[PDB]
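First up is the structure itself, then whatever we jot down about it.
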Amino acid sequence: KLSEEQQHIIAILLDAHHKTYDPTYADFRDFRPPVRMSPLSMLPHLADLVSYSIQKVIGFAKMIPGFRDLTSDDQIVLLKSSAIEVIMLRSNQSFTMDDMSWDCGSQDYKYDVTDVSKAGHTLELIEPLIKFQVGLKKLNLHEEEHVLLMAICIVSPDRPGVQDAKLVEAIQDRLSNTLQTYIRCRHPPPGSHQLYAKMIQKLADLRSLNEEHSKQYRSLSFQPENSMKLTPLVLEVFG
Amino acid sequence: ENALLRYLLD
Ligand SMILES: C=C1/C(=C\C=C2/CCC[C@]3(C)[C@@H]([C@H](C)CCCC(C)(C)O)CC[C@@H]23)C[C@@H](O)C[C@@H]1O
């Protein structure tokens with residue numbers, strides 16, 4: 001059975017996400033206009049979306065039970081390492097199977113493989129990304145599963161530079177144990193079969209995706225001209 | 001070092 005503390009946790013994460021994620025995508029107008037005519041024409045638009053998204057991820061993180069206990073340094077480290085992975089995760093909701101693109105309800109905010117390429121990212125990142133999206137979409141997780149995964153990703157003991165591994169591990173365990181218990185009680189066969197293990201595997205794919213992005217990000221970031229198009233937050237977070 | 005993150009985390 002789902003313990004009451006576990007049901008509580010789920011309620012909190014769902015709400016956290018509802019506040020942090022806007023289905024309407026109204027806020028997108030505020031970003032620099034998307035340009036699809038021209039190298040890295042997409043980047044200023046795309047860089048603003050990412051910067052926006054980083055903020056939304058930071059807000060979601062704070063709501064997570066026990067995240068507030070961690071030293072400020074340990075909070076910072078967890079956000080810096082996971083922010084790309086979470087953005088990729090949350091981005092699933094916009095991602096459409098039919099067209100293989102991220103659909104933001106409007107033709108102008110629809111995002112395709114060429115758009116991401118127009119950001120200054122090679123197919124090696126891109127092609128694994130699309131594959132991840134498909135593979136995630138196929139799981140067809142409940143909303144409770146989706147929020148829970150993001151929170152378990154955000155709070156990782158392994159992340160480089162962590163001051164207090166043991167305490168971060170304790171907090172993650174509670175959420176993991178909440179997710180396991182939820183699938184068995186709340187998720188029916190045959191969709192329930194292998195779902196925790198499959199979901200865990202997706203965190204591993206994200207780790208690989210994080211490493212690739214980072215290399216690509218540095219070569220992009222290294223050039224002063226491209227670096228000027230990034231937001232201040234993005235520079236600070238992504239380094 | 002990091003300022004913007006610290007402010008947002010509170
Ligand atoms: C963000 C969100 C959205 C899309 C995410 C995308 C679509 C385009 C390609 C993106 C932006 C990927 C890029 C490879 C990111 C590159 C970032 C950078 C250029 C700085 O190195 C990662 C996530 C992808 C929109 C919405 O779903 C909110 C979500 O939160």
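In the structure tokens, each chain is lettered A, B, ... as it comes, each chain's residues begin at 1, and ligands are numbered from 1 in order of appearance.
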Residues of chain A within 8 Å of chain B, counting only C-alpha atoms, as an mmCIF file with N, CA, C and O atoms, in the first residue's frame:
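And here is the file that came out, part08.cif:
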```
data_model
loop_
_atom_site.group_PDB
_atom_site.id
_atom_site.type_symbol
_atom_site.label_atom_id
_atom_site.label_comp_id
_atom_site.auth_asym_id
_atom_site.auth_seq_id
_atom_site.Cartn_x
_atom_site.Cartn_y
_atom_site.Cartn_z
ATOM 1 N N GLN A 55 14.968 28.654 -14.714
ATOM 2 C CA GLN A 55 14.292 29.300 -13.589
ATOM 3 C C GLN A 55 13.186 28.411 -13.039
ATOM 4 O O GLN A 55 13.129 28.166 -11.840
ATOM 5 N N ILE A 58 14.496 25.522 -11.075
ATOM 6 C CA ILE A 58 14.977 25.943 -9.757
ATOM 7 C C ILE A 58 13.806 26.061 -8.769
ATOM 8 O O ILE A 58 13.951 25.741 -7.583
ATOM 9 N N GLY A 59 12.666 26.545 -9.246
ATOM 10 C CA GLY A 59 11.480 26.672 -8.419
ATOM 11 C C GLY A 59 10.891 25.346 -7.979
ATOM 12 O O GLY A 59 10.511 25.184 -6.804
ATOM 13 N N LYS A 62 12.978 23.570 -5.144
ATOM 14 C CA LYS A 62 12.772 24.095 -3.787
ATOM 15 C C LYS A 62 11.588 23.465 -3.042
ATOM 16 O O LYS A 62 11.607 23.267 -1.816
ATOM 17 N N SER A 72 23.612 25.080 1.424
ATOM 18 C CA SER A 72 23.421 25.856 0.196
ATOM 19 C C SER A 72 24.348 25.328 -0.903
ATOM 20 O O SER A 72 23.902 25.171 -2.027
ATOM 21 N N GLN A 75 22.889 22.199 -2.396
ATOM 22 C CA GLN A 75 21.802 22.591 -3.289
ATOM 23 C C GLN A 75 22.307 23.106 -4.637
ATOM 24 O O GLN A 75 21.803 22.707 -5.679
ATOM 25 N N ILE A 76 23.309 23.983 -4.605
ATOM 26 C CA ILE A 76 23.855 24.578 -5.811
ATOM 27 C C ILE A 76 24.401 23.487 -6.727
ATOM 28 O O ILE A 76 24.064 23.445 -7.903
ATOM 29 N N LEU A 233 22.299 33.984 -16.671
ATOM 30 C CA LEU A 233 21.971 32.833 -15.854
ATOM 31 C C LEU A 233 22.576 31.605 -16.462
ATOM 32 O O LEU A 233 23.196 30.794 -15.777
ATOM 33 N N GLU A 236 26.209 31.314 -15.898
ATOM 34 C CA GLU A 236 26.523 30.998 -14.510
ATOM 35 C C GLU A 236 26.244 29.523 -14.196
ATOM 36 O O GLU A 236 27.147 28.790 -13.695
ATOM 37 N N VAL A 237 25.014 29.084 -14.532
ATOM 38 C CA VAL A 237 24.601 27.671 -14.351
ATOM 39 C C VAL A 237 25.428 26.712 -15.223
ATOM 40 O O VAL A 237 26.236 25.922 -14.700
#
```
Please identify all protein, DNA and RNA residues within 6 Å of ligand 1, counting only C-alpha atoms and all ligand atoms, and report them as a PDB file with N, CA and C atoms, in the first residue's frame.
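selection.pdb, written as the output of this step:
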```pdb
ATOM      1  N   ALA A  47      18.273  30.005 -26.561  1.00  0.00           N
ATOM      2  CA  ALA A  47      18.987  30.353 -25.312  1.00  0.00           C
ATOM      3  C   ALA A  47      18.077  31.002 -24.213  1.00  0.00           C
ATOM      4  N   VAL A  50      15.801  28.242 -22.793  1.00  0.00           N
ATOM      5  CA  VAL A  50      16.586  27.468 -21.839  1.00  0.00           C
ATOM      6  C   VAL A  50      16.740  28.243 -20.512  1.00  0.00           C
ATOM      7  N   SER A  53      13.442  28.217 -18.720  1.00  0.00           N
ATOM      8  CA  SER A  53      13.329  26.837 -18.210  1.00  0.00           C
ATOM      9  C   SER A  53      14.219  26.522 -16.974  1.00  0.00           C
ATOM     10  N   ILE A  87      15.483  19.622 -17.854  1.00  0.00           N
ATOM     11  CA  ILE A  87      14.907  20.334 -18.972  1.00  0.00           C
ATOM     12  C   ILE A  87      14.541  19.340 -20.085  1.00  0.00           C
ATOM     13  N   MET A  88      15.468  18.444 -20.403  1.00  0.00           N
ATOM     14  CA  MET A  88      15.156  17.370 -21.324  1.00  0.00           C
ATOM     15  C   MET A  88      13.985  16.551 -20.869  1.00  0.00           C
ATOM     16  N   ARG A  90      11.366  17.396 -18.635  1.00  0.00           N
ATOM     17  CA  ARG A  90      10.127  18.202 -18.663  1.00  0.00           C
ATOM     18  C   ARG A  90       9.673  18.492 -20.084  1.00  0.00           C
ATOM     19  N   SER A  91      10.658  18.660 -20.967  1.00  0.00           N
ATOM     20  CA  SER A  91      10.435  18.899 -22.423  1.00  0.00           C
ATOM     21  C   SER A  91       9.635  17.826 -23.107  1.00  0.00           C
ATOM     22  N   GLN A  93       6.673  16.730 -22.431  1.00  0.00           N
ATOM     23  CA  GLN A  93       5.271  17.146 -22.509  1.00  0.00           C
ATOM     24  C   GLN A  93       4.906  17.927 -23.788  1.00  0.00           C
ATOM     25  N   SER A  94       5.838  18.722 -24.283  1.00  0.00           N
ATOM     26  CA  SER A  94       5.717  19.403 -25.575  1.00  0.00           C
ATOM     27  C   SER A  94       6.039  18.503 -26.770  1.00  0.00           C
ATOM     28  N   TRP A 102       9.032  19.092 -30.908  1.00  0.00           N
ATOM     29  CA  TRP A 102       8.424  19.728 -29.711  1.00  0.00           C
ATOM     30  C   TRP A 102       7.391  20.795 -30.112  1.00  0.00           C
ATOM     31  N   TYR A 111       9.263  23.170 -32.599  1.00  0.00           N
ATOM     32  CA  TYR A 111      10.733  22.950 -32.673  1.00  0.00           C
ATOM     33  C   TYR A 111      11.096  21.608 -33.277  1.00  0.00           C
ATOM     34  N   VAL A 116      17.114  22.783 -33.737  1.00  0.00           N
ATOM     35  CA  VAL A 116      18.080  22.486 -32.662  1.00  0.00           C
ATOM     36  C   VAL A 116      19.479  22.545 -33.206  1.00  0.00           C
ATOM     37  N   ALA A 119      20.662  25.834 -33.404  1.00  0.00           N
ATOM     38  CA  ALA A 119      21.251  26.257 -32.121  1.00  0.00           C
ATOM     39  C   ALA A 119      22.776  26.151 -32.057  1.00  0.00           C
ATOM     40  N   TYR A 217      28.487  22.279 -25.520  1.00  0.00           N
ATOM     41  CA  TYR A 217      28.267  23.586 -24.890  1.00  0.00           C
ATOM     42  C   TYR A 217      29.556  24.375 -24.741  1.00  0.00           C
TER      43      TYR A 217
END
```
Within 8 Å of range 196-202 of chain A using only C-alpha atoms, minus same-chain residues under 5 positions, as a ChimeraX atom specification: /A:132,136,149,179-180,183
Could the residues in this selection be saved with N, CA and C atoms as a compact mmCIF listing (two decimals), in the first residue's frame?
```txt
# COMPACT_ATOMS: atom_id res chain seq x y z
N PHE A 132 15.65 9.41 -27.05
CA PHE A 132 15.29 9.48 -25.63
C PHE A 132 13.83 9.89 -25.45
N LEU A 136 10.96 7.65 -23.88
CA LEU A 136 10.20 8.21 -22.77
C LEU A 136 8.69 8.26 -23.08
N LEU A 149 10.11 11.21 -11.17
CA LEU A 149 11.34 11.00 -11.88
C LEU A 149 12.24 12.25 -11.85
N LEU A 179 8.20 6.15 -5.48
CA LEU A 179 7.93 5.78 -6.90
C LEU A 179 7.72 4.28 -7.15
N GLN A 180 8.61 3.45 -6.63
CA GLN A 180 8.44 1.99 -6.66
C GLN A 180 7.01 1.59 -6.15
N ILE A 183 3.96 2.55 -8.36
CA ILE A 183 3.72 1.79 -9.60
C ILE A 183 2.98 0.48 -9.31
```
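Separating CA of residue 24 in chain A from CA of residue 37 in chain A is a distance of 26.0 Å.
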Residue contacts of residue 141 in chain A (10 Å, only C-alpha atoms) excluding same-chain residues fewer than 4 positions away, as an MDAnalysis selection string: chainID A and resid 136:137 145:147 183 187 191:192 195 199
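Secondary structure from DSSP on the backbone puts alpha helix (DSSP H) at the following positions of chain B: residues 4, 5, 6, 7, 8 and 9 of chain B.
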Next, write the just-selected residues to a file, as a short mmCIF file (atom, residue, chain, number, x, y, z; two decimals), in the first residue's frame, keeping C-alpha atoms as the atom set.
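Wrote part03.cif, looks like this:
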```
data_model
loop_
_atom_site.label_atom_id
_atom_site.label_comp_id
_atom_site.auth_asym_id
_atom_site.auth_seq_id
_atom_site.Cartn_x
_atom_site.Cartn_y
_atom_site.Cartn_z
CA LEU B 4 22.42 34.14 -9.33
CA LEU B 5 21.75 30.57 -8.21
CA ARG B 6 22.03 31.40 -4.54
CA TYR B 7 19.55 34.24 -4.80
CA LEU B 8 16.97 32.05 -6.59
CA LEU B 9 17.33 29.13 -4.19
#
```
Which of range 45-201 of chain A end up as strand (DSSP E or B) when DSSP is run on this backbone - answer as JSON, numbers by chain? {"A": [95, 96, 101, 102, 111]}
How far is it from CA of residue 103 in chain A to CA of residue 211 in chain A, in Å with one decimal?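 Those two atoms sit 25.8 Å apart.
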Residue nearest residue 165 in chain A among A:215, A:71, A:210, A:222 (counting only C-alpha atoms):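 Smallest distance to residue 165 in chain A is found for A:71.
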Identify, on the basis of only C-alpha atoms, every residue whose closest approach to residue 57 in chain A does not exceed 8 Å; exclude the query and any residue fewer than 5 positions from it along the same chain; express the result as a PyMOL selection string. chain A and resi 20+83+86-87
